[PDB]
Amino acid sequence: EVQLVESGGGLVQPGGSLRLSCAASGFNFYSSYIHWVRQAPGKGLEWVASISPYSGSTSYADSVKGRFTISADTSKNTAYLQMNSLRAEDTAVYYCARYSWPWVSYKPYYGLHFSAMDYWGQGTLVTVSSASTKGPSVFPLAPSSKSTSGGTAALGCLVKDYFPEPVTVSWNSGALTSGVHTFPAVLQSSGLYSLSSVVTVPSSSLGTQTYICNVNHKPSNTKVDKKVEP
Amino acid sequence: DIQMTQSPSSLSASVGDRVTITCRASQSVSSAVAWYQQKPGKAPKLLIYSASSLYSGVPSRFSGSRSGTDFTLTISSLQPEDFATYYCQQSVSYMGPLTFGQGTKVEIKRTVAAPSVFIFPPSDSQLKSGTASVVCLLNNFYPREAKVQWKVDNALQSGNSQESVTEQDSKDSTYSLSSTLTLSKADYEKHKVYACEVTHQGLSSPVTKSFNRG
Amino acid sequence: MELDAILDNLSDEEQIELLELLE
């Protein structure tokens, strides 16, 4: 069906450049407006740029004029955001989204109808930082000995000393999803991130049932599997 | 430029309540107003377009109305899965700047729930690297406010801890908290009892979970 | 009918004046 897949985000030093791409699948790309909308961590939505892909007409937010260039290839049904002179305040998740044409229509006896962003991509994270890429270390949070065997236990994994975000954590290669809490990372005094991923399991299962957290940090190409024993 | 002033910045309501979110445009935006719902870590989802039209597939409890420059998103029957940040957005300038509005965080109000408290010593693996992380977990509590105090051989700690809270659970409306105490391997081995003491409205008395290093 | 081609050649003020005529 309709899909927007974004690519090209990552870690970049201040003043550098990045190029985001957004590949559109299940709709007429010639008959759309494409927008880039960004969200800095924990902040609101900020429109960045718009393009009409066929006529190539563009619009930019004042925050990015002269630094960013939105473009589109109607052959590849792919829109692009070329970002130059990146600053720390450009750090955000960058979203691709779509207006179906027309922007506004008028129908007699029914009035005006304005298009809205009905399809958004999943977003791509852009981090503007001088800090260096580092893969994580994974440690078990072992379920406690201070314990009965008749109730609920908690176990988990500590994913520390990595940069940049994000980290994905699954349990038992995805087979265990209920009772999982993967916490927001906090930035340690090292300048690196650290988070915990915990699960509550039946206390009777421990030691028999195998519990592995699967940590993936794609920025560093790092995949670690940590088995968590008591 | 054209500003969307979105009032309340946040609100808390019970399941089934009627909730209204407001957006005032600094000047005329006609009916070029959309309403989006954003859950944590996900792209915004369109709820309302052209200020009053329900987007296809959206539950009927979401509706939008316009009076002049005032735009209202109404959630007539609040559901637990409606925990989210909502944003208005204007598009009255054809291929011109689109502006949003600061958002409204909607928390779901539920009965008081006490946290389940667990403590985790550092792995031998991490100690072999030279640092020690002691983790305290607070599971599935509600209200979100909670206090964690670390005590090492009964000495209160300060400055060596970092916290993180999950987003409100979309299904049971609870929170969870992770507190991490960081010590050097040497300072860690120079002490015995590591305790996490938790204060929360759902607990008659503060609850301590402890372990001994040996 | 589509209004985009019309609005593309109107000022912001002209655009809103047209849109308000069509309400």
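For every chain, the first residue of the written sequence is numbered 1, i.e. counting runs from 1 onward, and this need not coincide with the entry's numbering; residues without coordinates are not included. Here chains are named by letter from A upward and ligands by number from 1 upward, in the order in which they appear as written. Side-chain descriptors were evaluated using all non-hydrogen atoms of the structure, hydrogens and water having been removed beforehand.

J.: Would you mind showing me how to read the pattern of salt bridges here?
T.: Note that side chains of opposite charge can pair when their charged atoms are close. Note on definitions: salt bridges are taken to be side-chain nitrogens of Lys or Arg within 4 Å of carboxyl oxygens of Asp or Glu. Taken as a whole, this structure holds 12 salt bridges over all chains when the rule is applied. With a closest N to O distance of 3.5 Å, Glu197(B) and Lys151(B) form a salt bridge. Of the two residues, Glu197(B) is situated in strand β17 (residues 193-200) and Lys151(B) in strand β13 (residues 146-152); the sequence distance between them amounts to 46 residues. The pair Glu197(B) / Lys151(B) is uniform in exposure class, with both members buried. Linked through salt bridges whose partners overlap, the residues forming this network are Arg38(A), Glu46(A), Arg67(A) and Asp90(A). Under the scheme used here, helices are H or I runs from DSSP no shorter than 4 residues and strands are E runs no shorter than 2 residues, and both carry numbers assigned from the N terminus. Note on exposure labels: buried denotes an accessible area under 20% of the residue type's maximum, exposed denotes more than 50%, and partly exposed covers the range between, all computed with a 1.4 Å probe on protein chains only.

J.: Sorry if this is basic, but what is going on with a negative patch on the surface here?
T.: Each patch groups residues whose relative accessible area exceeds 30% and which form no salt bridge, using 9 Å between like charges and 5 Å between nonpolar side chains of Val, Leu, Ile, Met, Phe, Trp and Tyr. Here the open area of atoms and residues is found with the Shrake-Rupley method and a 1.4 Å probe, where only the protein chains shown may cover a residue. Note on charges: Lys and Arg go in the positive column, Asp and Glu in the negative column, and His and the chain ends are not counted at all. Here the site of a charge means NZ on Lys, CZ on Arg, CG on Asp, or CD on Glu. Side chains of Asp12(C), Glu13(C), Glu14(C), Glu17(C) and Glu20(C) sit close together on the surface and give a patch of like negative charge. Mapped onto the secondary structure, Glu14(C) falls in helix α2 (residues 12-21).

J.: Where do I start with the state of the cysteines in this structure?
T.: Put plainly, two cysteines are in a disulfide when a covalent bond ties their sulfur atoms together. In plain terms, two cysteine sulfur atoms within 2.5 Å form what is called a disulfide here. Summed over the entire model, instances satisfying the criterion amount to 4 disulfides over all chains. One disulfide bridge connects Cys22(A) with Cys96(A), the sulfur atoms lying 2.1 Å from each other. Here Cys22(A) and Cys96(A) share a disulfide; its torsion about the S-S bond, -70°, makes the bridge left-handed. Of this pair, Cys22(A) sits in strand β3 (residues 18-24) while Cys96(A) sits in strand β9 (residues 92-100); the two residues are 74 residues apart in sequence, bridging distant segments of the chain. Across the disulfide from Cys136(B) sits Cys196(B); the S-S distance is 2.0 Å. Classification of the bridge connecting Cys136(B) and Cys196(B) rests on its S-S torsion, roughly -75°, and on that basis the disulfide is left-handed. Pair noted here: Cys136(B) is in strand β12 (residues 131-141) and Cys196(B) is in strand β17, with a separation of 60 residues, a long-range link. Each of the two residues, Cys136(B) as well as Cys196(B), counts as buried. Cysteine pairing for chain B (bonded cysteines numbered in sequence order): 1-2, 3-4.

J.: Please explain unusual backbone geometry as it appears in this structure.
T.: All names here are of chain A. In this chain, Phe163 is followed by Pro164 through a cis amide linkage whose omega measures -5°. Position of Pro164 relative to the elements: it lies in the loop between β15 (152-162) and β16 (168-171). Backbone torsion omega between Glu165 and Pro166 reads 0°, so that peptide bond is classified as cis. Locating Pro166 in the fold gives a position in the loop between β15 and β16. Its identity is not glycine, yet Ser85 carries a phi of approximately 55°, on the positive side. Looking at where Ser85 falls in the secondary structure, it is placed in the loop between β8 (78-83) and β9. Classification of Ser85 by relative accessible area gives partly exposed; the value is 37%.

J.: Help me understand the domain arrangement of chain B, please; the structure alone is not making it clear to me.
T.: Size of an interface, as often reported, equals the accessible area lost when the parts are brought together. Residue and element names in this part refer to chain B. Segmentation of chain B into domains returns domain 1 (4-109) and domain 2 (116-212). Segmentation into domains, and thus their bounds, comes from an automatic or database assignment. Relative placement of domain 1 and domain 2: their C-alpha centres are 38 Å apart. What gets called buried area is simply the loss in accessible area from a 1.4 Å probe that two parts show on being joined, summed for both. Summing the contributions of domain 1 and of domain 2, the shared interface buries around 630 Å²; its carbon and sulfur component is 50%. Any pair of N or O atoms that falls within 3.5 Å is considered a polar contact. Within protein, one atom must be able to donate a hydrogen and the other to accept it, and sequence-neighbouring residues count only if both atoms are side-chain atoms. Counting across the interface, domain 1 meets domain 2 through 4 residue pairs in polar contact.

J.: Would you take a moment to explain the interface of chain C and chain A for this structure?
T.: Two residues qualify as a contact provided that any one of their heavy atoms is within 4.5 Å of a heavy atom in the partner residue. Of the residues lining the interface, 8 residues belong to chain C; the matching set on chain A comes to 10 residues. Buried surface at the junction of chain C and chain A, summed over both partners, amounts to about 740 Å²; 63% is from carbon and sulfur atoms. It is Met1(C), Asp4(C) and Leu22(C) in chain C that bury the most area against chain A; as a group they hold 57% of the surface buried on that side. The tally of links between chain C and chain A comes to 0 salt bridges. Amino acids are sorted into nonpolar (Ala, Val, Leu, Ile, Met, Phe, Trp, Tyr, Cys and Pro), charged (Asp, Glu, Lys and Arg) and polar (every other residue, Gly among them). Of the residues that constitute the side of chain C that touches chain A, the class distribution is 5 nonpolar, no polar and 3 charged.

J.: Would you take a moment to explain the packing of aromatic side chains for this structure?
T.: Each aromatic ring pair is characterised by the separation of its centres together with the angle its planes make. Aromatic rings from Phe, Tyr and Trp, taking only the six-membered ring of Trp, are treated as a pair when their centres fall within 6.5 Å; an angle between ring planes under 30 degrees marks them as stacked, one over 60 as edge-to-face, and anything in between as tilted. The full count for this structure, using the stated rule, is 14 aromatic pairs over all chains. Pairing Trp103(A) with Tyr94(B) gives two aromatic rings, centres 5.3 Å apart and planes at 65°, and the pair type is edge-to-face. Separated into two different chains, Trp103(A) in the loop between β9 and β10 (104-107) and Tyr94(B) in the loop between β9 (84-90) and β10 (104-109) make up a pair that spans both. Here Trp103(A) falls in the buried class, since its relative accessible area comes to 1%. A relative accessible area of 11% means that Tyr94(B) is categorised as buried. Ring geometry for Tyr194(B) and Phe211(B): centres 5.7 Å apart, planes at 20°, overall stacked. Here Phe211(B) lies in strand β18 (residues 207-212) and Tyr194(B) lies in strand β17, a separation of 17 residues in the sequence. Under the relative-accessibility criterion, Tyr194(B) is labelled buried at 0%. Taken together, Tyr33(A), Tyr99(A), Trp103(A) and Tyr94(B) form an aromatic cluster joined through their ring pairs.

J.: I keep staring at the pairing of strand β8 (residues 70-75) of chain B and nothing clicks. Help me out?
T.: Looking down a regular strand, the side chains alternate between one sheet face and the other. Residues and elements named next belong to chain B. The buried fraction of β8 is high, at 5 of 6 residues. Strands qualify as paired when DSSP identifies two bridges or more between them. Pairing between strand β3 (residues 19-25) and β8: 6 bridges, direction antiparallel. Residue pairing across strands places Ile21 opposite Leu73, the latter belonging to β8. Strand direction decides the pairing type here: strand β7 (residues 62-67) and β8, joined by 6 bridges, are antiparallel. Counted as the bridge partner of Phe62 is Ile75 from β8. The antiparallel pairing of β7 with β8 creates a hairpin that spans 2 residues between the two strands, and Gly68 there sits at a positive phi of about 65°.

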